[PDB]
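Single chain ahead, by itself, as structure tokens, in the form deposited without the ligand.
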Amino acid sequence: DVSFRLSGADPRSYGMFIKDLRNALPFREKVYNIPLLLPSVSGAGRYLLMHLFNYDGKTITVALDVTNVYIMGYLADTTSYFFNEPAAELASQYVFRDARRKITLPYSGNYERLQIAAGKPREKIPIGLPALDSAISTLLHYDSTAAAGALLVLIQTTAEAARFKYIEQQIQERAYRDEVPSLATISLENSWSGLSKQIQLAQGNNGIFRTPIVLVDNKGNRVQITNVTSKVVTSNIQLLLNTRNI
């Protein structure tokens, strides 16, 4: 497992947890120097367990699919909560097996669904480390509408930051203060599958992508990523979703 404690959390222990997360995820190869997530993993080995501790010392256990970095569910005391989706239900045969009770949230785990549930687009919701603390806190007692808003923070602060160095940097900047995500952060989160796929297709095409990716990179600029020499590729993107899962 991987852990993180908000009490005494600075941009540094956060960098250490994010490094630790990416490192817990299996891969056999590197594509242009970026780890390539497995196509599949069978059994319980398919799920990573993340322990998050709020400022006060309370925790939740977050279940993660090692294949795509999608959050499956979480445990808060003796209750497990899972998204209403097949992968999460199958995830439930392998983890939080001793929870006294299991609740299925009234929504699946994609941004679109979580945003309808919360009543706000993630562009209008602040993230940072304080926001992570609040989210842990709120997932500790059930409220489906509020949980949706806390899942939107948690997902960006763990999964999205492990996928992109730019996003992990954004969070370290919001370590003592929250702030809505930039235009650029949203764009990256949304093109990960797109980009993951174009990097894979570029092998054998001289690093040239078959279909250009439109991104917004810092300062609000509307850019097109055409090949592997681009900065998003060489520096940013830290994990690639296998094309067999796109």
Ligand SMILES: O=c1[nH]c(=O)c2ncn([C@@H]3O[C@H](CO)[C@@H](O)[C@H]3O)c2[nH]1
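Residue indices: 1-based, along the sequence shown.
Missing here is the form solved in complex with the ligand; even so, the following discussion is about that form.
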query: Residue among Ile213, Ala202, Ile34, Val69 with a heavy atom within 4.5 Å of the ligand in the bound PDB entry; finding: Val69
query: Contact assignment for the ligand in the bound PDB entry, among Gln93, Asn110, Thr78, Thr145, heavy atom within 4.5 Å; finding: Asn110
query: Non-hydrogen atom within 4.5 Å of the ligand in the bound PDB entry for each of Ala24, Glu168 and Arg174; finding: no
query: Stretch in contact in the bound PDB entry with the ligand, which is absent here, among 137-145, 123-131, 153-161, 93-101 (heavy atoms within 4.5 Å); finding: 153-161
query: Residues in 75-101 close to the ligand in the bound PDB entry, defined by a heavy atom within 4.5 Å, in order; finding: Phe83, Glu85
